[PDB]
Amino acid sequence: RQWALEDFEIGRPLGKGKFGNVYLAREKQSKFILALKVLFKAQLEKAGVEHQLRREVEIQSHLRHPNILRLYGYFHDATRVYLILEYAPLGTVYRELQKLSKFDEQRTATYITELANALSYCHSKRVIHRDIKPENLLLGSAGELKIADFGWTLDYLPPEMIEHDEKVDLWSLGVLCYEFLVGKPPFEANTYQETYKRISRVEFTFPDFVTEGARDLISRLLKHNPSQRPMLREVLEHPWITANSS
């Protein structure tokens, strides 16, 4: 597949991202709407992530789940690098959260399900993320979660990763479920030093409205020791999840 800028019509900007802007785009050849991201070699090289881009781009190129933002392909030219992505209309979970303040059990439980489902999928292919934050979570037309973290902020980093295998993403689901119901990440502090401290000591408390079913599931996810964290299956089978998911 030989792709090229000339193969798309560029529409409105879709905001800025680390290392380049994303644009709404339509394939002249297909009329198909999607998202185009432009990255600059110079900025990628400068700061050492040019190896990650290929590494993840390659891996991300083989994932196929309704809850994983798809990458139909990539290409470059002399100075820039282009990623062709699926277009998620409803924005980022991070935006919806600060708009709504927080999510109720139904919304949370349904997102966690979708998240656990994509992660289950990724596991069978030995694919882990190592950093799942709300701003990298996009929403489709039916409001379904779409992970756009070409996996392969200390707020969403597990202890073993700041002091690992696929146990990391369980800790990820733990942080997210909390942030969704409560409106903020569990180890969030005023200093970056105390956040590091809170994460390592795994100390968080729940606001009175968070239910027991939710506390159980989160308390089992946020374990300092990774082997003690449940498995995706257990999560998707959790009583709280099952009773509140769409």
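The first residue of the sequence shown is number 1, and the count goes up from there.
- The entry shows an unbroken chain from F75 to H76, with no unmodelled residues of the deposited sequence in between.
- Count the deposited residues lacking coordinates between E163 and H164 and you get 1 to 3 of them.
- Comparing 124-132 with 109-117, the stretch with the higher mean C-alpha B-factor in the PDB entry is 124-132.
- For the pair 177-185 and 43-51, the record assigns the higher mean C-alpha temperature factor to 43-51.
- Of the candidates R70, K31, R201, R215, the deposited coordinates give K31 the top C-alpha B factor.
- Taking only the listed residues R220, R64, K37, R26, the entry reports the highest CA temperature factor at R64.
- Sort the chain's modelled residues by C-alpha temperature factor and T153 lands in the highest third, per the entry.
- When the modelled residues of the chain are ordered by C-alpha B-factor, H238 sits in the lowest third.
- For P230, the recorded CA B-factor ranks within the middle third of the chain. Only modelled residues enter the ranking.
- Ranked by Cα temperature factor within the chain, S172 sits in the lowest third according to the deposited record.
- Ranked by C-alpha B-factor against the other modelled residues of its chain, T92 falls in the lowest third.
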